[PDB]
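For reference, the structure is listed below as structure tokens.
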Amino acid sequence: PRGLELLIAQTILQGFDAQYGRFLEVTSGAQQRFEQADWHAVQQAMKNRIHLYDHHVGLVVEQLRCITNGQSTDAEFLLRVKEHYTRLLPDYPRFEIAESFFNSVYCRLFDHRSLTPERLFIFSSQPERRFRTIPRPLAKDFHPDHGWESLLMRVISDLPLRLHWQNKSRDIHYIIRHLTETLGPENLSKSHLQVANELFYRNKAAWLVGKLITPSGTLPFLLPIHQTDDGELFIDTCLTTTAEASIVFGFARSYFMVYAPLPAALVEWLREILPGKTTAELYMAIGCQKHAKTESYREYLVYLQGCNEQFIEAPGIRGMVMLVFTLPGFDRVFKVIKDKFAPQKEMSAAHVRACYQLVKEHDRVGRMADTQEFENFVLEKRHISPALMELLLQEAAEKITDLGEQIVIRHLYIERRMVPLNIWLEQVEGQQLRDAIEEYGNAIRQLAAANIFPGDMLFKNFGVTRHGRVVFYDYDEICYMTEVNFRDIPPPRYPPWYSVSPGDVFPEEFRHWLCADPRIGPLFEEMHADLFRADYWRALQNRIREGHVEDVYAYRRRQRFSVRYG
Ligand SMILES: Nc1ncnc2c1ncn2[C@@H]1O[C@H](COP(=O)(O)OP(=O)(O)OP(=O)(O)O)[C@@H](O)[C@H]1O
Ligand SMILES: Nc1ncnc2c1ncn2[C@@H]1O[C@H](COP(=O)(O)O)[C@@H](O)[C@H]1O
Ligand SMILES: [Mg+2]
């Protein structure tokens, strides 16, 4: 009886302990991967780290099964287990993530249905932290008592990175000028530094994240440590702006790889810098993706209970395969695969689902948005707008089940809500339009350089962020770059003896679409003409196959030290 309820509760908790343990054993390898520039490893780590959590929830559920099987499928029994599990939390440093794990297990057990607040931690059970004193620092303070050249030499001479610096003084002085031109000699000496103990690794970079304490108030202080074609460590640029920081930790970049024995602590410190990020967003930034899903559902529930607006179909051009809706004042959209696709389409829901999975664990490169897959998402009929309820019933009838006052959508994705780039290009003008086309062209370029070929490059498949960045979001259109045949001469039209086969792509036909509006055409020819040349694309897939891995700067290129300062 009791003993069993306890074993279960404890095997679930032992499960979380083990998964987080494994999770950071992986993370700790980031330094070595970067130190030996093993770029291909860095990416496999991103995939293995992402699967860990589900792997363990898997093991734990199997155990839970053998351990009983008869009771696992029993809601009365699990009510007790939750009871005990909850009494094990007051101790655990990572209790919040411990709750998510319990939920994950609960869900696998009941195939994601009947999720009441009494059966799982949809809410928390624990009092809000509101931090005391971290058991151990997590960040060090640096005062310029001879500082700036001394302060910096001291911090640069603290990184555990085992490679040679290709002229520190050089980089160290670049940093000084920036601060100087930014704070003014006076306050620069009134201001100090507080840099996090751990480096945030991502791709071919090792990030330093600290706080610039100005008498004006605290500010972001980030230094992207890069490495030369032959192992030289150098600091490329320095960002002390909140907006800048928001991009570096943007939702369209792969999560950072930062060693964090106590996540909640790290998250809270982070709020200071980039204060526009919500709780889930901060977790997601440092890698706790599954836990952020838990927090996302909470922020959703909060916003929902506090608004008298109904769910309506997302603004823009309706799609051939997905049905996407949103709440007026909410910063996300829901996307569901439609029962049947438009005649012009010949792919399976399975393939669509595969693409979303493909990009989730991909080097998102800052151009593809993170998404959250939800099984059996529940909505309250009285919340769905009449126009939308009929769309769902007509387009996704198979994916929705009635429950009287509420409906259940079986599968769906949730992602950052942006404004469809096709709408932006019709709202913006002048400089703002140039910035969009450049931003758009560079999106294609970077996706391409990371073995991702957008399927349909039409504006309607891209979105514009709060910062005016163009991010791709129509994932089932995608295919790997080393999997498409680029061609020079386009097939005749007379708007087929000229045989074209699956995989063929004619970069010159792009002119026709991407340049039909006289407003933007010229802008393309000026900033992105290369995109119409099949030679350009083939060169790109050559470096891919050659195993090359292009660099990505989470900032404007004209901010790189080697650009502005000589
Ligand atoms: N992240 C988003 N933010 C804002 N609107 C979005 C977002 N994602 C999709 N939409 C809305 O839905 C439309 C895009 O639907 P979408 O392109 O994703 O279906 P689909 O992707 O075309 O099917 P397929 O992938 O096979 O091309 C846009 O018109 C846009 O208004
Ligand atoms: N259908 C759902 N409705 C509401 N929350 C969910 C749903 N599915 C999963 N979650 C939440 O997301 C976390 C589980 O993610 P997962 O393990 O992939 O099922 C849990 O902490 C749950 O609170
Ligand atoms: Mg589309």
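Residue numbers start at 1 in each chain; chains themselves are named A, B, ... in the order of the structure tokens; ligands are numbered from 1 in the order shown.
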
Counting only C-alpha atoms and all ligand atoms, what are the residues, protein, DNA or RNA alike, that approach ligand 2 to within 10 Å? I want them as a tab-separated table (two decimals) with N, CA, C and O atoms, in the first residue's frame.
```
chain	number	residue	atom	x	y	z
A	53	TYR	N	16.08	14.84	-21.29
A	53	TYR	CA	14.89	14.91	-20.47
A	53	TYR	C	13.83	13.89	-20.84
A	53	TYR	O	13.33	13.16	-19.99
A	54	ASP	N	13.47	13.82	-22.11
A	54	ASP	CA	12.46	12.87	-22.53
A	54	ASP	C	12.96	11.44	-22.39
A	54	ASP	O	12.19	10.53	-22.09
A	57	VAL	N	12.33	10.65	-18.70
A	57	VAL	CA	10.91	10.55	-18.41
A	57	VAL	C	10.47	9.19	-18.95
A	57	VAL	O	9.53	8.59	-18.45
A	58	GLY	N	11.16	8.74	-19.99
A	58	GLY	CA	10.84	7.46	-20.58
A	58	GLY	C	11.21	6.33	-19.64
A	58	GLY	O	10.38	5.50	-19.29
A	96	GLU	N	11.38	23.36	-8.67
A	96	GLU	CA	10.49	23.76	-9.76
A	96	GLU	C	10.65	22.84	-10.97
A	96	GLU	O	9.67	22.38	-11.54
A	97	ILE	N	11.88	22.55	-11.35
A	97	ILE	CA	12.11	21.66	-12.47
A	97	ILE	C	11.69	20.24	-12.06
A	97	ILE	O	11.33	19.41	-12.91
A	98	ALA	N	11.73	19.97	-10.76
A	98	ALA	CA	11.36	18.67	-10.22
A	98	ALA	C	9.86	18.46	-10.41
A	98	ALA	O	9.39	17.33	-10.60
A	99	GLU	N	9.11	19.55	-10.37
A	99	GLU	CA	7.66	19.50	-10.56
A	99	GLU	C	7.36	19.22	-12.03
A	99	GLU	O	6.48	18.41	-12.35
A	100	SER	N	8.09	19.90	-12.93
A	100	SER	CA	7.90	19.70	-14.36
A	100	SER	C	8.09	18.23	-14.67
A	100	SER	O	7.26	17.62	-15.35
A	101	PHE	N	9.19	17.67	-14.17
A	101	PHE	CA	9.50	16.27	-14.40
A	101	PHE	C	8.33	15.39	-13.96
A	101	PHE	O	7.95	14.43	-14.66
A	102	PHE	N	7.76	15.71	-12.80
A	102	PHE	CA	6.64	14.93	-12.30
A	102	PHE	C	5.46	15.01	-13.27
A	102	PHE	O	4.78	14.01	-13.52
A	103	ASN	N	5.23	16.21	-13.79
A	103	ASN	CA	4.16	16.47	-14.75
A	103	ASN	C	4.38	15.67	-16.01
A	103	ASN	O	3.49	15.00	-16.50
A	104	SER	N	5.60	15.75	-16.52
A	104	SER	CA	5.99	15.03	-17.72
A	104	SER	C	5.67	13.55	-17.55
A	104	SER	O	5.09	12.92	-18.45
A	105	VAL	N	6.04	13.00	-16.40
A	105	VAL	CA	5.76	11.60	-16.11
A	105	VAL	C	4.25	11.39	-16.01
A	105	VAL	O	3.72	10.41	-16.52
A	106	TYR	N	3.56	12.31	-15.34
A	106	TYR	CA	2.12	12.19	-15.19
A	106	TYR	C	1.48	12.08	-16.56
A	106	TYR	O	0.65	11.21	-16.81
A	107	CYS	N	1.88	13.00	-17.44
A	107	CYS	CA	1.38	13.07	-18.81
A	107	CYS	C	1.62	11.79	-19.62
A	107	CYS	O	0.70	11.31	-20.27
A	108	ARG	N	2.84	11.26	-19.59
A	108	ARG	CA	3.12	10.04	-20.34
A	108	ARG	C	2.17	8.96	-19.84
A	108	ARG	O	1.63	8.18	-20.62
A	111	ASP	N	-1.44	9.66	-21.06
A	111	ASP	CA	-1.46	10.13	-22.44
A	111	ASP	C	-1.98	11.56	-22.53
A	111	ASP	O	-2.93	11.84	-23.24
A	112	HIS	N	-1.36	12.45	-21.76
A	112	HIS	CA	-1.72	13.86	-21.76
A	112	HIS	C	-3.16	14.30	-21.56
A	112	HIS	O	-3.53	15.41	-21.98
A	113	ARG	N	-4.00	13.47	-20.95
A	113	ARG	CA	-5.37	13.91	-20.72
A	113	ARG	C	-5.73	13.99	-19.23
A	113	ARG	O	-4.97	13.54	-18.37
A	114	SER	N	-6.88	14.61	-18.93
A	114	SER	CA	-7.37	14.83	-17.57
A	114	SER	C	-6.29	15.38	-16.62
A	114	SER	O	-5.95	14.78	-15.60
A	115	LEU	N	-5.76	16.54	-16.99
A	115	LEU	CA	-4.71	17.21	-16.22
A	115	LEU	C	-5.25	18.27	-15.26
A	115	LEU	O	-5.12	19.46	-15.53
A	116	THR	N	-5.85	17.85	-14.15
A	116	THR	CA	-6.39	18.82	-13.20
A	116	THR	C	-5.28	19.37	-12.31
A	116	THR	O	-4.23	18.74	-12.16
A	117	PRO	N	-5.50	20.54	-11.70
A	117	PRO	CA	-4.52	21.19	-10.82
A	117	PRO	C	-4.27	20.37	-9.56
A	117	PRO	O	-3.28	20.58	-8.84
A	120	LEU	N	-1.54	17.26	-10.83
A	120	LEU	CA	-0.16	17.58	-11.21
A	120	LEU	C	0.15	19.06	-11.01
A	120	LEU	O	-0.75	19.90	-10.97
A	121	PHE	N	1.44	19.38	-10.88
A	121	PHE	CA	1.86	20.76	-10.63
A	121	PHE	C	1.66	21.71	-11.78
A	121	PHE	O	2.62	22.32	-12.25
A	122	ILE	N	0.43	21.88	-12.24
A	122	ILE	CA	0.26	22.81	-13.32
A	122	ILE	C	0.63	24.19	-12.75
A	122	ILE	O	1.07	25.07	-13.49
A	123	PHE	N	0.52	24.34	-11.43
A	123	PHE	CA	0.84	25.62	-10.81
A	123	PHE	C	2.10	25.79	-9.95
A	123	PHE	O	2.75	26.85	-10.05
A	124	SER	N	2.44	24.80	-9.11
A	124	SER	CA	3.68	24.88	-8.30
A	124	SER	C	3.73	24.35	-6.87
A	124	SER	O	4.70	23.70	-6.49
A	289	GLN	N	14.49	23.76	-21.66
A	289	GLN	CA	13.38	23.84	-22.59
A	289	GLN	C	12.10	23.21	-22.06
A	289	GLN	O	11.03	23.80	-22.15
A	290	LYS	N	12.20	22.00	-21.53
A	290	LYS	CA	11.03	21.34	-20.99
A	290	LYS	C	10.46	22.13	-19.82
A	290	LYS	O	9.25	22.31	-19.73
A	291	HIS	N	11.31	22.63	-18.93
A	291	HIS	CA	10.75	23.38	-17.82
A	291	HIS	C	10.07	24.66	-18.29
A	291	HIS	O	9.03	25.04	-17.75
A	292	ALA	N	10.64	25.31	-19.30
A	292	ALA	CA	10.08	26.53	-19.84
A	292	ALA	C	8.69	26.26	-20.43
A	292	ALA	O	7.84	27.15	-20.51
A	293	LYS	N	8.44	25.02	-20.84
A	293	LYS	CA	7.14	24.68	-21.37
A	293	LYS	C	6.13	24.79	-20.22
A	293	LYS	O	5.00	25.26	-20.40
A	294	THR	N	6.54	24.36	-19.03
A	294	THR	CA	5.69	24.42	-17.86
A	294	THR	C	5.35	25.87	-17.53
A	294	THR	O	4.20	26.20	-17.26
A	295	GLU	N	6.37	26.72	-17.56
A	295	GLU	CA	6.22	28.15	-17.28
A	295	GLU	C	5.39	28.85	-18.36
A	295	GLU	O	4.66	29.79	-18.08
A	296	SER	N	5.53	28.39	-19.60
A	296	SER	CA	4.80	28.97	-20.72
A	296	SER	C	3.31	28.74	-20.55
A	296	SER	O	2.51	29.64	-20.82
A	297	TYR	N	2.94	27.54	-20.10
A	297	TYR	CA	1.54	27.23	-19.88
A	297	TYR	C	0.96	28.08	-18.75
A	297	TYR	O	-0.24	28.37	-18.74
A	298	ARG	N	1.81	28.46	-17.81
A	298	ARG	CA	1.38	29.27	-16.68
A	298	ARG	C	1.14	30.71	-17.10
A	298	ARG	O	0.12	31.30	-16.75
A	300	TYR	N	0.44	31.59	-19.90
A	300	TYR	CA	-0.71	31.50	-20.78
A	300	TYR	C	-1.98	31.58	-19.94
A	300	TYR	O	-2.91	32.32	-20.28
A	301	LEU	N	-2.02	30.79	-18.86
A	301	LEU	CA	-3.17	30.76	-17.96
A	301	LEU	C	-3.38	32.09	-17.28
A	301	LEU	O	-4.51	32.51	-17.08
A	372	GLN	N	6.88	25.01	-29.40
A	372	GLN	CA	6.52	24.06	-28.37
A	372	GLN	C	5.35	23.20	-28.84
A	372	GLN	O	4.28	23.70	-29.17
A	373	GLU	N	5.59	21.90	-28.89
A	373	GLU	CA	4.57	20.96	-29.31
A	373	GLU	C	3.75	20.63	-28.08
A	373	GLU	O	4.29	20.38	-27.01
A	374	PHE	N	2.43	20.68	-28.22
A	374	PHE	CA	1.52	20.38	-27.14
A	374	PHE	C	0.53	19.33	-27.60
A	374	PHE	O	-0.03	19.42	-28.69
A	375	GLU	N	0.33	18.33	-26.74
A	375	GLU	CA	-0.60	17.24	-26.98
A	375	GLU	C	-1.87	17.52	-26.17
A	375	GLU	O	-1.79	17.95	-25.02
A	376	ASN	N	-3.03	17.31	-26.76
A	376	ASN	CA	-4.27	17.53	-26.03
A	376	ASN	C	-4.38	18.87	-25.30
A	376	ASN	O	-4.65	18.92	-24.10
A	377	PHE	N	-4.19	19.96	-26.04
A	377	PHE	CA	-4.30	21.30	-25.48
A	377	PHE	C	-5.80	21.58	-25.33
A	377	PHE	O	-6.58	21.36	-26.26
A	378	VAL	N	-6.20	22.05	-24.15
A	378	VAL	CA	-7.61	22.29	-23.90
A	378	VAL	C	-8.01	23.76	-23.96
A	378	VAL	O	-7.33	24.64	-23.42
A	379	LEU	N	-9.13	24.02	-24.63
A	379	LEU	CA	-9.65	25.37	-24.77
A	379	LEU	C	-11.13	25.41	-24.35
A	379	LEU	O	-11.86	24.44	-24.56
A	408	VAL	N	-10.90	19.79	-27.00
A	408	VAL	CA	-9.53	19.32	-26.90
A	408	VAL	C	-8.89	19.20	-28.27
A	408	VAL	O	-9.36	18.43	-29.12
A	409	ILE	N	-7.82	19.96	-28.50
A	409	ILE	CA	-7.10	19.87	-29.77
A	409	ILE	C	-5.98	18.88	-29.47
A	409	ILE	O	-5.21	19.09	-28.52
A	410	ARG	N	-5.88	17.83	-30.27
A	410	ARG	CA	-4.86	16.82	-30.03
A	410	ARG	C	-3.42	17.26	-30.16
A	410	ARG	O	-2.62	17.05	-29.25
A	411	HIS	N	-3.07	17.88	-31.27
A	411	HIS	CA	-1.69	18.27	-31.48
A	411	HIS	C	-1.60	19.69	-32.01
A	411	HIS	O	-2.46	20.11	-32.81
A	412	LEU	N	-0.59	20.44	-31.57
A	412	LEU	CA	-0.41	21.81	-32.02
A	412	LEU	C	0.93	22.40	-31.61
A	412	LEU	O	1.61	21.88	-30.74
```

Near-ligand residues for ligand 3, threshold 12 Å, only C-alpha atoms and all ligand atoms, as an NGL selection string:
:A and (316-324 or 335 or 342 or 345 or 420-422 or 454-463 or 472-478)

For ligand 1, which of A:333, A:514, A:407, A:539 is the closest residue, counting only C-alpha atoms and all ligand atoms?
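Smallest separation from ligand 1 among the options: A:333.
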
What are the DSSP alpha helix (DSSP H) residues of region 39-117 of chain A, as a ChimeraX atom specification?
/A:39-66,75-86,95-109

To one decimal place, how far is CA of residue 524 (chain A) from CA of residue 428 (chain A) in Å?
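Separation of CA of residue 524 (chain A) and CA of residue 428 (chain A): 15.8 Å.
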